[PDB]
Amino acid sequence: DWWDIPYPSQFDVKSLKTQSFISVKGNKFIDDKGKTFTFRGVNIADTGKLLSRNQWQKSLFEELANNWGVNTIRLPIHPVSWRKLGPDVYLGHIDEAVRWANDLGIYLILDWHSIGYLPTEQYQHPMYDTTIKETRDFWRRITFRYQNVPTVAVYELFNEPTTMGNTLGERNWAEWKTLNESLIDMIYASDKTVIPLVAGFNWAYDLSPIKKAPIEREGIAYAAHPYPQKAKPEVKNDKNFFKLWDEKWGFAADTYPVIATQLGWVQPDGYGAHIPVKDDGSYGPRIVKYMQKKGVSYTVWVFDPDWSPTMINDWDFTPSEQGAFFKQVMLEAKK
């Protein structure tokens, strides 16, 4: 009977090992000793995708933490999967990830993984389909459940804002800013320790609206998705890419913390190659140097052998080209 459906519960914080909260201070993330912190890690696939082939298991997190140098895993929660498993079940699996990550001393970014224009509720593909109501309810449920959990560090409100050339609606920063502020307010009402992560347009590439109209809330960070072909100089060299990246997103790191929550590449004739992820490989060192110099955090897309661009070519973790490259970067940074 519907009147017997129970009220929800909160994650048991006493079940966790000691782990520092991460906080925002100025343009930096800091730990609870005030030391500058950067998120460095990978995306994995949606929980439901992983479960379907029995790959949702602690051993995945152990591989990443022990052999790939990560301190962070981004979970791209697809709305269609949230519905298919159902909130109750999906949250039970996120609980597993919290325990696994906490045991390894690594952090999670929870990403509401839609692509499109939330104010008109139009999207790139049905797997990303959602509504304002459902998006708010997702964040309400997450915020309540993971109150006071240091492991869950960042709430990435809406993966990739885009109107696809205004075919989805009229992109309007004021409208999107207001909606983000509304989501932030629901979260902060419930847990002030979490870091909301806000994205710009052009699939989370273009932060330039914040130069004059930044989100008017404290404690937030900005996302950036600097895939190789987002910037399109004729002469492909460091100086030209840096000029273009500076203008569209890199400038943000001067004032706010930035997480490049997707980045990566595959050869133009490789597996799952498509605009804007095609590159000859020179992008790898370029984006890493750029982020290193600016102190930008990152999670590579994607530690999965099916979804592209892949970091691994099979579930024995055989590295792809970009996987081998980023593996060494992250291991060296962990050292």
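Here, rigid core means the biggest group of C-alpha atoms that superpose within 1.5 Å across both forms. Don't overthink the numbering: it's just position in the shown sequence, from 1.
Figure out for me whether 117-125 or 230-238 is the more displaced stretch in 4 other deposited structures of this protein, taking RMS C-alpha distance from the shown form once the rigid core is superposed.
Larger mean C-alpha displacement, comparing 230-238 and 117-125 in 4 other deposited structures of this protein, is found in 230-238.
So 187-195 or 158-166, which one's hotter by mean CA B-factor in the entry?
Mean CA B-factor is higher for 187-195.
Averaging CA B factors per stretch from the PDB record, which one is higher: 140-148 or 228-236?
According to the entry, 228-236 carries the higher average C-alpha B-factor.
Tell me which of 310, 67, 43, 297 tops the list for C-alpha B factor in the record.
The listed residue with the largest C-alpha B-factor is 67.
Splitting the chain's C-alpha B-factors into thirds, which one does residue 88 fall into?
Top third by C-alpha B-factor.
What third of the chain does residue 110 rank in for C-alpha temperature factor, lowest, middle or highest?
Lowest third of the chain for residue 110's C-alpha B-factor.
Please rank the C-alpha B-factors of the chain's modelled residues and tell me whether residue 301 sits in the lowest, middle or highest third.
As the PDB entry reports it, the C-alpha B-factor of residue 301 lands in the lowest third of its chain.
In terms of the chain's CA B-factor thirds, is residue 243 lowest, middle or highest?
Highest third - that is where residue 243 ends up once the chain's C-alpha B-factors are sorted.
Would you please rank residue 133 by its C-alpha temperature factor against the other modelled residues of its chain and give the third it falls in: lowest, middle or highest?
Ranked within chain, residue 133 CA B lands in the lowest tercile.
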